[PDB]
Amino acid sequence: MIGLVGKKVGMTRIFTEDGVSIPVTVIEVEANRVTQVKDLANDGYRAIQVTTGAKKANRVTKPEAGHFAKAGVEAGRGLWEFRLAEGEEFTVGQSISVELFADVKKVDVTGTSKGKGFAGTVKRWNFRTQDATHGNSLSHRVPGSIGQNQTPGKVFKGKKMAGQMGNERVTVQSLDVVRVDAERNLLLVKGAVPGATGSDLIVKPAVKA
Amino acid sequence: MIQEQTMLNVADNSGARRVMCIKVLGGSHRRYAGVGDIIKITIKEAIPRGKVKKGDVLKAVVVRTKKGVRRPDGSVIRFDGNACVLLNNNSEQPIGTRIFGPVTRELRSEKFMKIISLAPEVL
Amino acid sequence: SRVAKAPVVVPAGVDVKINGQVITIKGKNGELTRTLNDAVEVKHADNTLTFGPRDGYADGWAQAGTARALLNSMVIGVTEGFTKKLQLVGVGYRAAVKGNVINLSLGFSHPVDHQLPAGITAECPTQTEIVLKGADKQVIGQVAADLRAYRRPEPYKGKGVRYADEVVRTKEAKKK
Amino acid sequence: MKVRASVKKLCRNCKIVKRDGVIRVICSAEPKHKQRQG
RNA sequence: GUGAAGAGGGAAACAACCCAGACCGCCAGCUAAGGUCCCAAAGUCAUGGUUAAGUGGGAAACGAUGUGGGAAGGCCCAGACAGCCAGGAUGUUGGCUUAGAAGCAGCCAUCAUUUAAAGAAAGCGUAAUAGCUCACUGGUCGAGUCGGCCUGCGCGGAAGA
RNA sequence: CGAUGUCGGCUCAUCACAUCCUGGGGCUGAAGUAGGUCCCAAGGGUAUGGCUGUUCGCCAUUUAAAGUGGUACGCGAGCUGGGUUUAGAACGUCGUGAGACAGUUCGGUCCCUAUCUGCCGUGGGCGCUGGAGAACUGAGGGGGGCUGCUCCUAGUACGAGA
RNA sequence: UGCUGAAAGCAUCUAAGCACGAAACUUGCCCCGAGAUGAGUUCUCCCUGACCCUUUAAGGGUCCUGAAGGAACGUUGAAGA
Ligand SMILES: [Mg+2]
Ligand SMILES: [Mg+2]
Ligand SMILES: [Mg+2]
Ligand SMILES: [Mg+2]
Ligand SMILES: [Mg+2]
Ligand SMILES: [Mg+2]
Ligand SMILES: [Mg+2]
Ligand SMILES: [Mg+2]
Ligand SMILES: [Mg+2]
Ligand SMILES: [Mg+2]
Ligand SMILES: [Mg+2]
Ligand SMILES: [Mg+2]
Ligand SMILES: [Mg+2]
Ligand SMILES: [Mg+2]
Ligand SMILES: [Mg+2]
Ligand SMILES: [Mg+2]
Ligand SMILES: [Mg+2]
Ligand SMILES: [Mg+2]
Ligand SMILES: [Mg+2]
Ligand SMILES: [Mg+2]
Ligand SMILES: [Mg+2]
Ligand SMILES: [Mg+2]
Ligand SMILES: [Mg+2]
Ligand SMILES: [Mg+2]
Ligand SMILES: [Zn+2]
């Protein structure tokens with residue numbers, strides 16, 4: 001089944017009739033507008049491309065605008081594809097709303113995780129610190145050994161080292177769908193999803209059970 | 001949130017007064033026990049003519065902690081100290097015959113029903 | 001070879017058909033088709049099939065005997081057909097057929113349902129007896145072994161699914 | 001299954017058989033007699 | 001003997017092994033060891049065989065109906081080998097022992113009868129019997145079958161960062 | 001020998017498989033539960049403490065388990081500096097003595113701003129054949145891969161019973 | 001672990017044929033990913049003047065042109081050395 005594109009609003013909670021507090025991420029899902037249908041004959045695969053949102057004219061380049069004009073829809077903040085299943089079919093300029101999830105029990109949510117900048121091995125890879133005292137010299141959060149000796153005489157690819165952490169694509173799987181409401185452009189899912197308030201989210205029905 | 005070396009008061013008439021946790025049971029590298037969890041203890045002080053003695057090695061269930069317990073609406077119940085109830089090493093059933101101070105409904109197990117019945121108060 | 005050199009009489013009622021190595025044998029009790037190994041040359045004259053090796057193949061005679069043996073029981077198949085009987089031993093062990101599915105109660109939580117392949121049909125004359133019938137001797141054997149395997153006879157009370165014929169030796173437990 | 005370098009018939013119901021390049025002893029009488037060269 | 005104090009070709013690389021001793025020049029020719037399907041110069045050469053393991057391209061005692069060659073031998077149309085039918089008996093539960101010991105815990109003996117043949121019993125079985133089966137023999141089948149010898153090539157035995 | 005820093009720990013690891021646990025299977029002198037032994041299997045997982053410089057080991061208590069080995073007995077231009085080769089001092093022992101011990105004892109300086117390889121991240125350039133903006137396909141690469149207990153089945157199969 | 005089955009009248013999981021079989025393998029899940037120079041595909045956007053010279057060729061230069069886009073500057077960010 002296709003998914004949809006949305007915006008992370010923030011977290012809050014739903015209280016239930018019998019005392020449970022459900023923590024929910026609030027996801028804003030406005031109509032997704034279909035901007036190109038891809039098929040086997042023309043593209044080698046089946047998919048819809050969608051936009052959502054709105055975009056500043058003066059910020060819409062001409063290439064971008066011709067592509068939107070072709071589909072018969074107004075500009076949106078970006079473009080995303082969702083693969084089609086056999087029997088799945090859509091048409092250019094079609095609107096897809098959040099009611100798509102009305103009876104989907106769980107969804108996977110993809111976002112761009114918050115950025116933590118250049119991170120040391122303690123935070124990035126949960127390395128353990130060496131001694132704070134007992135004579136340790138200048139080596140508390142530093143990484144330790146990064147290899148063996150003459151054999152192999154090199155450091156291995158993949159070695160866990162410090163570097164950029166976050167600001168990457170992350171998918172969190174099988175979150176409960178707590179509420180769908182198209183009149184308010186809302187989807188509530190149970191739990192935390194990746195990203196900062198404001199940033200784009202891809203929501204798809206869960207690939208697992 | 002009890003670990004090795006932690007000291008606990010004792011919420012029964014077993015005669016123990018102060019016990020130390022020498023193992024958090026229930027899994028490899030398991031760090032903490034909380035309300036409802038079983039620990040291994042050594043007895044550091046006991047009264048003169050009770051059911052157990054200083055230096056005895058046994059089990060106990062934790063029934064009050066400072067870290068507390070979370071309830072499903074987000075609430076917290078915290079206690080001013082850590083206490084446990086002594087348990088037979090093998091049967092893991094209570095040594096004492098009376099229970100002191102409040103306990104929590106997290107104990108409602110087949111196993112700890114006797115502790116909640118005896119407790120003055122149940123939170 | 002002693003087996004290969006022994007002709008297969010094809011009786012009145014059976015229709016043999018050959019197209020290179022692809023043999024087909026039709027009778028009143030179904031039709032089987034087999035592709036004989038290249039190294040085998042088969043001939044069909046009178047009311048008989050005869051077999052022989054083929055110039056250039058190092059193992060022609062061994063192959064021809066297999067081919068012979070097989071075609072012989074293809075003919076038994078579409079005439080008399082084959083019958084494999086099993087029986088259940090153990091309390092609560094029972095079986096029944098509905099259509100082409102054999103329902104096996106064998107001391108498991110879920111009962112067991114075994115789909116019969118094309119050509120094989122089953123009947124229980126008894127809650128504890130399975131009669132398979134078929135024209136393909138390999139398939140009927142494969143099935144009988146599939147069923148037996150849900151609960152192979154065990155050595156302490158002989159309990160399980162067994163071939164009706166089968167000999168199950170039991171043994172005593174380890175003394176205390 | 002006994003697995004060893006030297007496999008033999010241990011009784012008259014033992015049979016030596018080669019299966020897939022591997023010498024084996026199969027017995028119809030005594031399961032302990034069953035061997036694989038290895 | 002070679003290196004040392006020796007280049008050149010071969011042994012992937014590799015002083016010391018194989019071939020061979022560089023005065024200089026050549027965009028001629030023959031050979032040595034070693035090679036000739038492509039990397040890579042020269043046989044996808046000819047002829048007769050072997051191997052089926054990628055053996056070749058690591059490793060022993062020992063194990064095995066792998067397969068090729070050779071010389072002998074035993075049994076067999078007076079019916080062999082395999083399979084299938086049937087028999088496998090009497091003294092007698094041999095003597096001793098033992099609670100029991102009957103072919104089959106153990107010890108000693110192992111004769112004789114009726115036999116087509118059938119051990120005072122080859123293995124399972126029973127508390128001891130019973131019961132299963134082998135040796136052996138008649139029948140059926142109908143032409144081969146058995147396993148030692150000299151030898152070629154293979155197979156397992158064969159686990160390391 | 002115009003210097004290749006030694007034991008142990010800490011940090012970080014990587015490989016083998018002669019497999020500790022989990023998985024599959026043959027035999028069992030395997031009734032069940034639980035074991036023994038061998039075969040297949042390297043995917044992941046594989047304890048904290050008391051004593052001692054210890055590695056190891058004994059001990060306490062856990063765990064499904066607390067694996068065996070290679071990696072300069074992995075890892076000091078990464079840390080420690082308790083053991084152990086300096087200079088102080090003492091005891092026992094040896095020596096007439098200076099002194100000695102591979103006996104013990106108290107004390108006792110651990111440098112290096114990374115050029116190249118390598119590795120973790122992140123940019124600039126050019127290319128992809130006029131140039132440009134997006135959305136993709138998915139060759140290839142990496143990550144992940146653990147497991148306890150309880151309940152139902154069922155107090156059933158099995159068992160004289162437990 | 002088996003089915004059918006000769007070689008070897010029988011037997012035999014195997015020689016031909018056939019059914020199963022594990023946390024290993026290939027997929028399935030997540031991330032990177034066309035510098036995948038074998039540099040791929042789809043949609044959209046932009047550019048429509050002359051001249052001279054030599055060794056005349058995918059030649060060199062001049063005048064006029066200067067798009068789409070990119071970047072620059074500025075206000076900046078749960079993005080960042
Ligand atoms: Mg995108
Ligand atoms: Mg940030
Ligand atoms: Mg630490
Ligand atoms: Mg310092
Ligand atoms: Mg410091
Ligand atoms: Mg170093
Ligand atoms: Mg190297
Ligand atoms: Mg196999
Ligand atoms: Mg010299
Ligand atoms: Mg050379
Ligand atoms: Mg000369
Ligand atoms: Mg050539
Ligand atoms: Mg090799
Ligand atoms: Mg005969
Ligand atoms: Mg030097
Ligand atoms: Mg192994
Ligand atoms: Mg052994
Ligand atoms: Mg491992
Ligand atoms: Mg254990
Ligand atoms: Mg070392
Ligand atoms: Mg240093
Ligand atoms: Mg010393
Ligand atoms: Mg592909
Ligand atoms: Mg990309
Ligand atoms: Zn045997």
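Letters A, B, ... are given to chains in the order of the sequence lines, protein chains preceding strands, and every chain is numbered from 1.
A60(F) and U48(F) make up a base pair, with Watson-Crick or G-U wobble contacts both under 3.5 Å. When both distances must be under 3.5 Å, the Watson-Crick or G-U wobble mate of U71(F) is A13(F). The base-pairing partner of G35(F), taking Watson-Crick or G-U wobble contacts with both distances under 3.5 Å, is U28(F). Across every strand in view, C136(F) sits in a pair with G40(G) that passes the Watson-Crick or G-U test at under 3.5 angstrom. The nucleotide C77(E) finds no pairing partner, because no Watson-Crick or G-U wobble arrangement with both distances shorter than 3.5 Å includes it. Pair check for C63(G) finds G49(G); Watson-Crick or G-U wobble, both atom distances under 3.5 Å. In this structure, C124(E) and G131(E) make a Watson-Crick or G-U wobble pair, each of the two defining distances being under 3.5 angstrom. A 3.5 Å limit on both hydrogen-bonding distances identifies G152(E) as the Watson-Crick or G-U partner of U67(E).
Taking only distance into account, the side chain of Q150(A) never meets the base of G74(F) through a donor-acceptor pair shorter than 3.5 Å.
For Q164(A), counting side-chain heavy atoms from C-beta on, the closest listed nucleotide (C79(F), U122(F), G156(E)) is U122(F). Comparing atom distances between the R83(A) side chain and each of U137(F), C119(F), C40(F) picks out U137(F) as nearest. Taking the side chain of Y45(A) as heavy atoms from C-beta on, and the options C136(F), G118(F), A81(G), the nearest nucleotide is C136(F). Counting only heavy atoms from C-beta on, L79(A) has its side chain closest to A134(F) among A134(F), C32(G), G118(F). Between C10(F), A13(F), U1(G), one nucleotide has an atom nearer to the side chain of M1(D) than all others, and that is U1(G). Checked against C18(G), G156(E), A15(G), the side chain of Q37(D) finds its nearest nucleotide in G156(E). Closest to the side chain of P31(D), out of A31(F), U28(F), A72(F), is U28(F). For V155(A), counting side-chain heavy atoms from C-beta on, the closest listed nucleotide (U28(F), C119(F), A19(G)) is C119(F). If you check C29(G), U71(F), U4(G) against the side chain of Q148(A), the one that comes closest is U71(F). Here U48(F) is the nucleotide among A30(F), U48(F), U14(F) with the atom lying nearest to any side-chain atom of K23(B).
When the P atom is compared between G2(G) and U14(G), the two are found 12 Å apart, to the nearest whole Å. When the P atom is compared between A116(E) and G88(E), the two are found 15 Å apart, to the nearest whole Å. Rounded to the nearest Å, the gap between the P atom of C146(F) and that of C73(F) is 36 Å. Atom P of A7(E) sits at a distance of 15 Å from the matching atom of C23(E), rounded to the whole Å. If you take atom P in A59(E) and the same atom in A82(E), they sit 41 Å apart, rounded to whole Å.
When the rule of centres under 5.5 Å and planes under 30° is applied to the neighbouring bases of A154(F) and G155(F), their six-membered rings do not qualify as stacked. In this strand, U48(F) sits stacked on its neighbour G49(F); the base ring centres are under 5.5 angstrom apart and the planes under 30 degrees. For the consecutive pair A130(E)/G131(E), the pyrimidine-type rings sit with centres less than 5.5 Å apart and planes less than 30° apart, qualifying as a stack. Neighbouring bases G49(E) and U50(E) form a stack, their six-membered ring centres lying under 5.5 angstrom apart with planes under 30 degrees. For the adjacent pair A60(E) and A61(E), the base rings count as stacked: centre distance under 5.5 Å, plane angle under 30°.
Nearer to the 5' terminus of RNA chain E, by closest-nucleotide assignment, is the contact made by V7(D) (compared with the other of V7(D) and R12(D)). Position along RNA chain E of the nearest nucleotide to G21(D) versus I16(D) favours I16(D) as the more 5'-ward residue. Projected onto RNA chain G by closest heavy-atom contact, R2(C) and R34(C) fall at different nucleotides, the more 5' of which corresponds to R2(C). Along RNA chain G, the nucleotide nearest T61(A) and the nucleotide nearest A67(C) are compared for position; the residue whose nucleotide lies closer to the 5' end is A67(C).
The pentose of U65(E) belongs to the south class of puckers. Its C1'-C2'-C3'-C4' angle has a negative sign. Nucleotide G79(E) carries a south sugar pucker, as its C1'-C2'-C3'-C4' torsion angle is negative. For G69(F), the sugar pucker falls north, since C1'-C2'-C3'-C4' comes out positive.
Proximity of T112(A) to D200(A): side-chain heavy atoms (C-beta onward) are nowhere separated by under 4.5 Å. Side-chain contact between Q36(A) and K70(A): absent, with no pair of heavy atoms (C-beta onward) separated by less than 4.5 Å. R34(C) places a side-chain heavy atom less than 4.5 Å from the side chain of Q138(C). Using a 4.5 Å cut-off on side-chain heavy atoms (C-beta onward), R33(A) and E74(A) make contact.
Rounded to whole Å, atom P of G36(F) lies 18 Å from atom NZ of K32(D).
Here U86(F) is not matched with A46(E) as a Watson-Crick or G-U wobble partner, both contacts being required under 3.5 Å. Between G83(E) and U140(E), both key atom distances fall under 3.5 Å, giving a Watson-Crick or G-U wobble pair.
Using modelled atom types, one finds a donor on one side chain and an acceptor on the other under 3.5 Å when comparing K40(B) with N89(B). Judged purely by distance below 3.5 Å, without hydrogens or angles, the side chains of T35(C) and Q21(C) never pair a donor atom with an acceptor atom.
Counting non-hydrogen atoms under 4.0 angstrom, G195(A) reaches nothing in the nucleic acid.
With rounding to the nearest 0.5 angstrom, the OG1 atom of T50(C) is 8.0 Å from the CD atom of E41(C).
Phosphate proximity of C79(F) to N136(A): absent, as no side-chain N or O sits under 4.0 Å from OP1 or OP2.
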> Given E92(B) and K111(B), is the salt bridge (charged side-chain N to carboxylate O under 4.0 Å, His left out) satisfied, shown in steps?
Replying inline: CA-CA 8 Å; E92(B) 293 181 356; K111(B) 187 179 218 158; 2.7 Å; yes
